[PDB]
Every structure is written in C-alpha cells, then in structure tokens.
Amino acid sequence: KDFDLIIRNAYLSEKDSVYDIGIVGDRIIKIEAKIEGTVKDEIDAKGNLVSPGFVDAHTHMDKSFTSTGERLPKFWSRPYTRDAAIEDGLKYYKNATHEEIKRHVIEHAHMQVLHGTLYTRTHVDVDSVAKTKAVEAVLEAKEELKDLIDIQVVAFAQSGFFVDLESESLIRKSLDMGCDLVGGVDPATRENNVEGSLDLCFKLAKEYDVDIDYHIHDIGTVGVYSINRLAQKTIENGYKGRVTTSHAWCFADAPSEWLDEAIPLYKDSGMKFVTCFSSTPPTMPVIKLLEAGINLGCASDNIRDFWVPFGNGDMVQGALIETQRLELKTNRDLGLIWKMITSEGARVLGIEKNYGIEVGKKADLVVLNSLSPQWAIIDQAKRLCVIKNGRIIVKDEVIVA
C-alpha cells in the first residue's frame, strides 16, 4: 500500500482549498486535490476544515480538577482572594499523594486530546512543600501519555527563588530529572530582586541547557520593566528565541508608549509570549502584537482548581472566549485568533519545523465538523476525529487507543 492513512476532501485554511492528505507512519507525504494510490484506512472530511493539532501553551496539569467532587465547585464559595488561593495550594501539595497528582494529569491530558489538543506545555509547582513530588508524578504520566499528546514540562519556582530559599536546589533536581524548561514568578513584587531572580534563572537554564518560560503577572510599568530586563538579559546570555513570558497582563494597562518602544527589543531578542484565555485582559493588545509580528500563543492556564474554576481544555472554546474578551468580529481577526491556537503556539513551543498540514510534517491532525476557522470558532462544534503520529486516537468524542 502507498499510504497508511488518507483523509479525503480536507479544506485547508492556509491553502484556502480542498485537498486529500496522504500519510505514511507519523508523517504527511502528499497533498493533492485527488491523490491516487492504495491505502489502509480512509476518513471523509466531507469538505470540512482539517487543521494541525491545537497547542495549549500554558497549563498546570498537576493541580487540575482539584475543585471537582461536590454539587458546587470547591474553593469558590467565598470571595476570591490571593491568600486563600495560595493557602489552598499549600494544603493540596502537602497532602496530595503521587497517584492523586498523576491521575489529575491524565484526566487533563485526556480532556485536551478529546478536543484536538496534541501539544501542551505544563508548569509544575516546585517549592519546599511540593518538593519534587509533583514533578515525579507529571514526568511519569508524561511517559504513559506519549502516544496521545506531546508534553513540555516547566520546573516552576512557584514561591520565588528568594522567598523559598530551597527553590534553587529543588529546581536543579527537577531539571536533573528531565524537566524541559525552567521558570520563576514576578521578579519584582514576588522576588523583590529583579536582577537577582532573572540572573539565577538564566544560570540554572544554562547549566541544563534548557529553555525558559517566566510567569510575569505584575501589572503596569513594573511588569513591562520586568519583561524588558528579561528580554535584554535574553540577548546578553545568547538565548534569543529560547525565552517565553507568560501572561504579560501589564501590556493591557501600561501606557501604549511603553509597549511601542519595547517591541523592537522584543523582536530583536525573539521574545515569545503566551496569553491565557482564562485571564486575557479585555484591553490586552492581542491583534496589535500579532500584526506587529510578535509571537503570541494561547492557553487554558489552570483548569478547575483553586486558581480558575473554569476549564474544558478546549482551545476552540478558548478562541471564542478570546473574541468576546477582545470584542473581535471580522474574518481576519478570528483568523488571527485561530493562528494563535495553532502555528503561533507551535512557535512558542519551538516545534514549527515539524508543525503544519504540509508534505513532510507530522501526521498530527484534527478533523472538525465546521467549514472553516471562523465557523469553527462560531459553531463550537465537536471534533469529528483526532489523529496523532498517523494513528486515529479520538473518534466521535471518545478516546480510542
């Protein structure tokens, strides 16, 4: 047989036309309006959109689904407060067993896969309370999930390198255990040492030759300042394109003049950003950043826990949420949001070379029940089929093998 798998009549948005997709093994090897040749299995997209696997560029798989179990979501029957949320996190990581954490990660992964997400980057809490317990469970689950989804693990110094002085050693162990990236939190309001926390993070990064993904929530000018120091140090340490800043809420409230003068520095350092649809500020300059050529991905962030009660791990649902938060309507704008949940996310993860519906690339695809990116966002229709490494793993809202 010429092909292991063929998807007939697949509308490809990047080419704006219907085609057949020829797959052998884990790669796409042919794309034509009508491909001749024998094949083992066939799927009829019936002219509907077929796209590459969605990318959820920022998750917390280890603590997900912790709000579930009761008539009402736990942790939310009281006004939201940063302290009560930080406490809930300490309790959880203290009493949670290795098997508890692993099952949550697996629940999360299955939910993502069912919605077409085949790539994701999760952050794992690393402090003197969670130790490497959470790290061990995540890496274990990651292995058990390699045939369903690709997971990047960030050793996340959640309490701050200068607040929990045990963080640095625990991060080395986590990186030694195999974590793919390292990251800290608010160098300013959390660490109270911008130069120190950033320099240390880069030190650890270089020791294990891993990339960086920083949580920067600080609003206004202090947030932009923190990001500018990070971008500048990125160039200094020869780390162009190896650094991601998550959230960057500060771009929504800092004077636009501050973002305008920093964009050249972000492009020169190849800084990557990720905005989570569970918190993207309405005034966040999303379209502006994309039009400027800045790499901006999208993500679920927390899912049903003490930080965010929401969550279905559905990037298509997230896209609709972004259009409402940002008040977007045109086909071009929805088209940009679709890029954000696909190719932009791929670039954030650094897998763009192998990402995309094109000859020679990975056979990781999603067959939707909608005519186009715009209609899929509007329709919110269920995925009809999900394919990873040339194998069908989801068929009609159910995980096959």
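Each residue number is its position in the shown sequence, starting from 1.
In this crystal structure, the stretch out of 360-368 and 28-36 whose C-alpha atoms carry the higher mean B factor is 28-36. The deposited model assigns a higher average Cα B-factor to 40-48 than to the other stretch when 40-48 and 343-351 are compared. Out of 241, 184, 89, 309, it is 89 whose C-alpha atom has the highest B-factor in the PDB entry. Out of 215, 110, 325, 146, it is 146 whose C-alpha atom has the highest B-factor in the PDB entry. Residue 129: CA B factor in the highest third of modelled residues in this chain (values from the PDB entry). For residue 119, the recorded CA B-factor ranks within the lowest third of the chain. Only modelled residues enter the ranking. Among all modelled residues in its chain, residue 206 ranks in the highest third by Cα B-factor. When the modelled residues of the chain are ordered by C-alpha B-factor, residue 275 sits in the lowest third. In the PDB entry, a CA B factor belonging to the lowest third of its chain's modelled residues is recorded for residue 247.
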